[PDB]
Amino acid sequence: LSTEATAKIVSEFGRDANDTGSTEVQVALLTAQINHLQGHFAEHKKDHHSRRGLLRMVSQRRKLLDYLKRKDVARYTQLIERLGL
Amino acid sequence: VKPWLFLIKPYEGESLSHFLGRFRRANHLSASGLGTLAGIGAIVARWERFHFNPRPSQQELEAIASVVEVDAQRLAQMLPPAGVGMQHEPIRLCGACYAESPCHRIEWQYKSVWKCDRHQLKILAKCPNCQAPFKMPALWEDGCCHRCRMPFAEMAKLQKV
Amino acid sequence: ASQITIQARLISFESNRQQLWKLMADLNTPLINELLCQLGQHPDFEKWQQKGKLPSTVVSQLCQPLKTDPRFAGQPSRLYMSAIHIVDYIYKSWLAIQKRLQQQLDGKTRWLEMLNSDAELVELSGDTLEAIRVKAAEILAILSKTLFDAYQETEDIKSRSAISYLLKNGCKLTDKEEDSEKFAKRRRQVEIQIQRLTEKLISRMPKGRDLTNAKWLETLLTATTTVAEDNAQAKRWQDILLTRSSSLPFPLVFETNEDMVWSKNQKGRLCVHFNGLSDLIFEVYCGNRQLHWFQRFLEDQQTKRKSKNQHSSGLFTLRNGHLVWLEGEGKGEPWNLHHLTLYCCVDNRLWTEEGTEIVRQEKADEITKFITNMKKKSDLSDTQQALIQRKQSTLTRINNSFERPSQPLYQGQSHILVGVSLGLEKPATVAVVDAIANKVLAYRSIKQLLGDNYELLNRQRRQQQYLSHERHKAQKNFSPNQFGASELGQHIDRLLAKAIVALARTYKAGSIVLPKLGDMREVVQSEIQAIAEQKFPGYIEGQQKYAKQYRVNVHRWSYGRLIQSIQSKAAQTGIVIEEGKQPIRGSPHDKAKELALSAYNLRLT
RNA sequence: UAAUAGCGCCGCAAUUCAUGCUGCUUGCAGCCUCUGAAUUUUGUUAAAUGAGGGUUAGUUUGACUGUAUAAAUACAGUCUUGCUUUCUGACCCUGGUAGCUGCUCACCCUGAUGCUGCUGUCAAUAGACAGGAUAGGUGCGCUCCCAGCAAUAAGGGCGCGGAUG
Ligand SMILES: [Zn+2]
Ligand SMILES: [Zn+2]
């Protein structure tokens, strides 16, 4: 993921000026990477070395979503609606 | 005279890990040593870090019961009851419950527990002053954070209500 | 039974291959997939698993309504037959490797109940071990199947304990009242074998082949777009996403020899077209070593034609033929990348006229027995009478001999046997031994049989380690350069088989003896586990790293492949292969000598 | 500079045997000249192994008939097609240009079945140029050892931010 894209997605999932690493931001970064990767997996059906990375990103996002759900269901719902998961 | 050991009475809700650690520190034993004495090998060294990949069996607990002289049912009462899911990491602690009684509660390791029911405090997963994750319960020689030397009972007034 | 497969590439136009690829990859493999799935959820399925015999006609019954299906229509009948045959063979195998596994588990449970120590036998019987020993000797006076029958037959504690004492030593009376820890390890080993058989019995159902990979592509979208709710579902998504996207349609088994009609091209090249697809003409590209088989095929079909079908296709040198697609390296459409290949299964025994007579006698015996078996029933169905008619038709047509080469078979001296010893380190060692006078006529070693080729053996081991490392260094990089020395091992075992059969020919042997190895890679795994469970009491990783190299050497020790190669060559030559028991302790030469001697001793009755 | 030591493999020896050789004494006697088998026993000024990646519908191992031949086998004749593999050679290379994408790194410490290790020239940078399979170590290799790197083994330490159920 490009640095410009990460900065933009941090700002657009920001809760304040300095919130890099908030569960919302982490889920946003993972979702952006997975969305970019799904087309690559549509095309390159042999790139297993990216397949492992995709699996890892999916599991990471799942864990983050479960944690945010247990903590605050309201933030969880509004986040999952913002990303449409 | 009859063969004996420095017996330790189990607490209420203590972990198997913490109880075995107290038993070892009061007998100057080692995880390998305790396992060899019990007859189950290094499995004990696994239990001190909660890796229950093959749940502690009835035989592996009766063999311990023979050595630590605690009833096997009382031993199972420090493992999570059948079906209850626990997280082997991070090790979690409530300061107030430690001040009341210096032990590690197996109930703190449950996946479903985030609040101390008798203290209304959000239990701690890391040291509240230096963010140092807690060691395995068997490794608690005393109640203090290793990195910052802050007593466990003190942390009660840093942990949120 | 000396069936061997020859192969030849099939060359034709791009459209002639597009037709076949579309007609198999898009309609025949999906039919096989659906037939497998339906065979799985059949209500009688758990009944079949109890036996080893899937019913004769069930697969055709689930296929008759499937032929007219919108997505499985537009195929030749003899290709619906191919799909039926493939699925029937898959489930004829899958119900025979799970029934025998269940038998093994039952027998091992019975033996685990059998196993008692000297003290355990004393406490169960309530008598001194000496009385147990005396009664065990008495019962040995009155093989192991009989003792197991006696044990399962009686209920007395004393007699059953006597059976247990006998079978503990293996029908022997050993008076060494020692090694109780040995008994503990033996019971532990039997329990480990029980556990491993139980772990085996939970087997996957026959998968089938998914060329489109619709499930994979759908699951990728589900996993990326949505979020799982529990670990048990994300694990299933991960397992699906890592599956292997197979890209080769199933073969086409043509169980009738005549379904492949042969012809000669105007350029003299041999050509094939299959029943149901005659507009598709394939040109045979073989090698001259395999030319005589295909020329025999054309000559035999023409010979049957010229006699107005007075000749029984059924003595054809061709028995059946698979029509597979190999895998090509590169890109492009699948018909332009993968090479169509014909695998014809030929009964090598039919090449000579003399061997054709043997095949004729075999078929004329089995089919007249079939006629007698059907003649006892009084049902008298109409297609049953058609079958009866065909049987006598084959009887009549079998006595019309084609013109074939002549070779006076092989007169074998019954005395001279050949004993082959296999081992982890000495893959084979042969002893040509005369049985009348126990003196061995000859000995050979793994350097004598591989003469001028012995360098291969070391190069097999030197590089199968190397490749084993190279794979390991590429797996972590996820490169597809995983290579192994399977072809080298196959070549070496073929060389050994040729050398052994040639040696048997030179000394005019009358048989070849191979040991019955049984489950060899499992007994050693059980023993190593049992030993490591005391050597490492609670450390499972230690129990695994213990004797790791020995176990991987056993697992890659290809005794079965070598035995099969020697069996193929001996059948091709006429040597009557027998079986014996490899002595547990001894040098390879003595092992082979006593092995062949024991085989001769048992053969006499 | 270092590769010590271990392990596996070859060979070279030495010994004892025969499945060998000799002899008839035809199952015995000797011998190790060949062939092998089993040890141990060294790495010779050397014997044999030898693992950087690739390239041929490559050649040979083939079928039938007849002869000699009990047969193998040889010879002669007729036919020939390219499949799938194992070697031995010979030759080529040590890649480029584009994209798409994975992993790993605040900073330390230990150090993995971790990575790297050629010749020369120019530098002596960190890289080019030419060459190049002899390519760190031992006769040859290793996951072993040496050297450097080590975030991309694992473990431990540990700074500031955000999160902190
Ligand atoms: Zn509390
Ligand atoms: Zn602290």
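Just so you know, all these numbers are worked out from the coordinates, no wet-lab data involved. Cβ sites come from the backbone with ideal geometry, for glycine too, and all protein chains shown count toward neighbours.
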Subject >> Yes/no for A:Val27 being crowded, with 16+ Cβ neighbours inside 10 Å, within 14 Å of chain C (Cβ to nearest Cβ), within 17 Å of C:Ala234 (Cβ to Cβ) and in contact with a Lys or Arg (Cβ under 9 Å, 6 or more places away or on another chain) >> reply: yes
**OP:** Could you tell me whether region B:32-41 includes any residue that is of a type in the set (S, T, N, Q) and more than 10 Å from chain C (Cβ to nearest Cβ)?
**Re:** no
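Residue by residue, here is whether (1) in a helix (DSSP H, G or I); (2) closer than 15 Å to C:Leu514 by Cβ holds:
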position: C:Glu541; (1), (2): yes, no
position: C:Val552; (1), (2): yes, no
position: C:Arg561; (1), (2): yes, yes
position: C:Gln572; (1), (2): yes, no
position: C:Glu579; (1), (2): no, yes
position: C:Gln582; (1), (2): no, yes
position: C:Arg585; (1), (2): no, no
**OP:** For region C:211-225, state whether one or more residues are surrounded by fewer than 17 Cβ atoms within 10 Å (Cβ to Cβ), within 14 Å of chain A (Cβ to nearest Cβ) and over 30 Å from C:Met24 (Cα atoms).
**Re:** yes
Subject >> Count - residues of region B:112-122 that are closer than 20 Å to B:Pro151 by Cα and either within 14 Å of another protein chain (Cβ to nearest Cβ) or within 11 Å of ligand 2 (Cβ to nearest atom) (or both) >> reply: 1
Original post:
Name the helices (runs of 4 or more DSSP H) wholly within region C:326-419 that hold at least 3 residues that are under 24 Å from C:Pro251 (Cβ atoms)?
Top reply: C:334-337
Subject >> Output for region C:580-602, where each listed residue is of a type in the set (D, E, K, R) and in contact with a strand residue (DSSP E or B) (Cβ under 6 Å, 6 or more places away or on another chain) >> reply: C:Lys591, C:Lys593
Subject >> Residues being part of a loop (DSSP other than H, G, I, E, B) and more than 10 Å from RNA strand D (Cβ to nearest atom) - total across region B:135-148 >> reply: 4
Original post:
List the pairs whose first member sits in region A:48-77 and is at the interface with another protein chain (Cβ under 8 Å from one of its Cβ atoms), whose second member is hydroxyl-bearing (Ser, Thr, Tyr) and surrounded by 13 or more Cβ atoms within 10 Å (Cβ to Cβ), and whose Cβ atoms are under 7 Å apart, counting only residues at least 6 apart or on separate chains?
Top reply: A:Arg61/A:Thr31; A:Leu65/A:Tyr76
Original post:
Could you list, in sequence order, the residues of region C:39-59 that are exposed (fewer than 15 other Cβ atoms within 10 Å of the Cβ) and within 16 Å of C:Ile86 (Cα to Cα)?
Top reply: C:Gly40, C:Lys53, C:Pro55, C:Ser56, C:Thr57
Original post:
Can we say C:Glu218 is in contact with a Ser or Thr (Cβ under 9 Å, 6 or more places away or on another chain) and acidic (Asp, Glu)?
Top reply: no
Original post:
Could you list, in sequence order, the residues of region B:108-161 that are of a type in the set (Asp, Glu) and within 15 Å of ligand 1 (Cβ to nearest atom)?
Top reply: B:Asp117, B:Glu154
Original post:
Has region B:112-127 got at least one residue that is more than 10 Å from RNA strand D (Cβ to nearest atom) and among the hydroxyl-bearing types (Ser, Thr, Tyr)?
Top reply: no
**OP:** For region A:12-23, state whether one or more residues are within 14 Å of chain C (Cβ to nearest Cβ), closer than 23 Å to C:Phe478 by Cβ and more than 16 Å from ligand 2 (Cβ to nearest atom).
**Re:** no
Original post:
Which residue pairs have Cβ atoms under 6 Å apart, sit 6 or more places apart or on different chains, and have a first residue in region C:483-495 that is farther than 27 Å from C:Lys473 by Cα and a second that is outside any loop (DSSP other than H, G, I, E, B)?
Top reply: C:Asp493/C:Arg561; C:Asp493/C:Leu562; C:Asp493/C:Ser565; C:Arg494/C:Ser565
